[PDB]
Amino acid sequence: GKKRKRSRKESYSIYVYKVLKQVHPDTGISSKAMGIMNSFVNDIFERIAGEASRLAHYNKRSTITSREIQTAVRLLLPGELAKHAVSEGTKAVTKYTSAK
Amino acid sequence: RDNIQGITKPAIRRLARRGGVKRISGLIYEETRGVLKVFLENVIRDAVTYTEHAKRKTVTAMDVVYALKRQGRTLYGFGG
Amino acid sequence: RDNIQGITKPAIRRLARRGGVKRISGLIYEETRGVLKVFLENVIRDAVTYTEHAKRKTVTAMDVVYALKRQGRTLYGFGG
Amino acid sequence: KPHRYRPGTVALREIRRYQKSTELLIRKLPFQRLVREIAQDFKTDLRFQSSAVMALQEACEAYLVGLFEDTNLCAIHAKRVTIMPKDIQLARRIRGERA
Amino acid sequence: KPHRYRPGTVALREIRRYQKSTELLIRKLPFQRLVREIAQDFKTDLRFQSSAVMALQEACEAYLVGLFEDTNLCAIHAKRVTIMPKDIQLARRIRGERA
Amino acid sequence: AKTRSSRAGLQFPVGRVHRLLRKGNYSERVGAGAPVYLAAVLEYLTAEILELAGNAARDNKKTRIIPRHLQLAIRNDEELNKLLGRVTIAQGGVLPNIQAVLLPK
DNA sequence: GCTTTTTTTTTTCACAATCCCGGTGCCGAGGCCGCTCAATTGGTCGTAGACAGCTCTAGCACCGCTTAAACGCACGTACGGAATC
Ligand SMILES: [Ca+2]
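What counts as what
Residues numbered from 1 in each chain as written, not as in the entry; some residues may be left out. Chains lettered and ligands numbered in written order. Part of a larger assembly, values for the part shown. Heavy atoms only, no water. Helix = DSSP H or I, 4+ residues; strand = E, 2+ residues; numbered from the N terminus. Rg over C-alpha atoms; globule rule 2.2 N^0.38 Å. Buried < 20%, exposed > 50% of the residue type's maximum accessible area, 1.4 Å probe, protein only. Contact = heavy atoms within 4.5 Å. 1 Å grid on protein atoms, 1.4 Å probe; cavity = no way out; pocket = protein on both sides within 12 Å on 5 of 7 lines; lining within 4 Å. Points joined across faces, edges and corners; volume = space filled by probe spheres on them. Near = heavy atom within 4 Å. Polar contact = N/O pair within 3.5 Å; in protein donor to acceptor, adjacent residues only side chain to side chain. Nonpolar A, V, L, I, M, F, W, Y, C, P; charged D, E, K, R; others polar.

**Considerations on the overall build of chain D**
Across its full length, chain D carries 4 helices and 2 strands. For 99 residues, the compact-globule estimate of 2.2 N^0.38 gives 13 Å, and chain D exceeds it by more than 25% at 18 Å. In terms of its C-alpha atoms, chain D occupies a principal-axis envelope of roughly 55 × 45 × 20 Å. Of all 99 residues assigned to chain D, the portion counted as buried reaches 48%. Summarising the internal contacts of chain D: among those between residues at least 6 apart in sequence, 38% fall at separations of at least 24.

The structure is reproduced here in structure tokens:
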């Protein structure tokens, strides 16, 4: 083998895979398709975060809470997508708090 | 009946004048009302969201300004 | 050299076909080269700007992805 | 000797007049009630700063005027002088407002 | 007799073919030389990641394909089937790309 | 020790997301509930694209998702098409769509 | 009424192109591995925002008057769209 480790490069791909095997267990994903799924996750991270950042800033608050994320989500996603995304985020917070 | 009809044919004619239009089909006046309602729908939805997020029952000018910026239609002169 | 002619007639016709175009004026081809060039100048200028700010002598794909995002023309799949 | 202007002549006077002025061209009250009416569909018992409804109007009027300019070109492009619903529809299609 | 398709029939075939496919329709090298050529105006002796040129191409062709959709709608709007420079120009004027 | 992901019943990395928020200049401070909420939203959206992108593959008689499959999935859904209206999916191609007036009679 | 003439309409009939199939063979999806680095756990301090309790701003209800704008309608010109070339 050869010396010097290539420098770390973060991605979401192991989590895209994991979600992929829930939804379509007998289905894989190409190299460039994963590059797209990455570019997607990063896009929506940025959009949501930015809007929450602004919401917090408008109402004179230092802290982004799950509340901000929800409001941003309601502003950014279309109708049905927002509902489900609001449900799942709520579920996730509810579940996380009670498992402390 | 509908407040949408309160946006009258003569007001519509004035708007299209300012936009340099000389001659106007009869059908436009409804068509315009459609567009305008969808415009307000979209802008007001996001403004009220900012209001509901601020825990207020009163929509400020700033609420609209942030809503209009999000919709790509930045607005000057109202506390920007 | 003088490479804009390298955007051939047939290659322009191919793009237009993907864009659903059936019939194409003789004047379209030079007109399209103008647009394509204008498009590239703008995207590349910002890319290069990013490259220069990073003190590099080699344009990265990020430079281009970041430039494209700046033109409201987001691109997925090149590290975006 | 009853005087008459030809079709288009007063329109042309109106254009010239309205382009020169800056005053809002929708009656303010019917507008305010329309804003209040639509606002109900998201939240009931909502109050509006007067400046908020004015922003909304200033906004609504600029966008529509602008759309008329784009619509007008679509009509002219089809060798017409009369704007029609399809002109508005092409315009908003190209602007990326509708699919 | 030697067989011949009527004007319009292969044009439609070509559409179906290219809309089905995803490959880039400009020849990669003449494009790359063009990218290098334009890039000289801003800074000389510039290198390019290969992916940066592909990114630039992916983006150019998506722009232009898209623009041809809008253009084709503008020609149709004037009861034409043939795209012309004024169609592209109007499309771009509406998009806001050009004054 | 078990991850914040497992507490929240998620696949996406709540810990990573929380750090990205702290390190991305969005606010001075970050609530504990935020990264949980966000991670979940990104996972949902991801799942919704992968469901639809899988279907386009299966319908192409293919096992692995490609860029085309994503594109088809996205543009054929009104909501996703809206969400990603100003986004270009490389090696995606366009939906087959020939204007009716251009067709023969 | 019916024969003749004529375009439609409609069917045969070749031929190009695009679609499926299996067969082949190659290369990156996929998963395993071992290490590293960032996440977690479990400490402490500090304050940011939730909360109550108050002020008093400006947002709403309502009335009565004065026009000015909105509304119909009678009338005809100039546009749009159809058709032919
Ligand atoms: Ca305080």
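Picking up where we left off.
**A word on empty space enclosed by the protein**
Taken as a whole and judged by the stated rule, the model has 2 cavities of 30 Å³ or more. Computed from the structure, the largest cavity encloses a volume of approximately 50 Å³. Around the largest cavity sit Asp43(A), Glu46(A), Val65(C), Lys69(C), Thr74(C), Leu75(C), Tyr76(C) and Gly80(C), which together line it. Contributing elements (two or more residues each) for the lining of the largest cavity: α2 (31-58) of chain A together with α3 (61-70) and β3 (74-76) of chain C.

**Section: the protein's contact with DNA strand G**
Near DNA strand G, the surroundings consist of 38 residues, among which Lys5(A), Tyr17(A), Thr63(A), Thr82(D) and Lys20(E) are the closest. Those atoms of DNA strand G that come within 4 Å of the protein belong to sugar or phosphate at a rate of 100%. In this structure, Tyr17(A) approaches DNA strand G through a side-chain N or O atom, which is 2.5 Å from a phosphate oxygen. Taken together, the elements giving at least two residues each to the surface near DNA strand G come down to β1 (28-29) of chain A, α1 (9-18) of chain B, β1 (47-48) of chain D, α1 (9-20) of chain E together with α1 (4-8) and α2 (14-23) of chain F. Per element, the largest residue contribution to the surface near DNA strand G is 3 residues, and it comes from α2(F). Looking at the surface near DNA strand G residue by residue, the class counts come to 9 nonpolar, 10 polar and 19 charged.

**Structural notes on the arrangement of the chains**
In this assembly 9 pairs of chains touch, with chains A and F having more contacts than any other pair. Across the gap from chain B to chain C, with no contact made, the nearest C-alpha atoms are 11 Å apart. If you take every C-alpha in chain A and every C-alpha in chain E, the smallest gap between them is 12 Å, and the two do not touch.

**Points about the environment of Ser27(F)**
The topology assignment puts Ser27(F) in the loop between α2 and β1 (29-30). Residues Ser27(F) and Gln91(F) lie 64 residues apart in sequence; the distance between their C-alpha atoms is 36 Å. Discounting residues that sit within four places of it in the chain, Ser27(F) has contacts with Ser62(A) and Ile64(A). Of the polar contacts made by the side chain of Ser27(F), one reaches the backbone oxygen of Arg29(F); its length is 2.4 Å.

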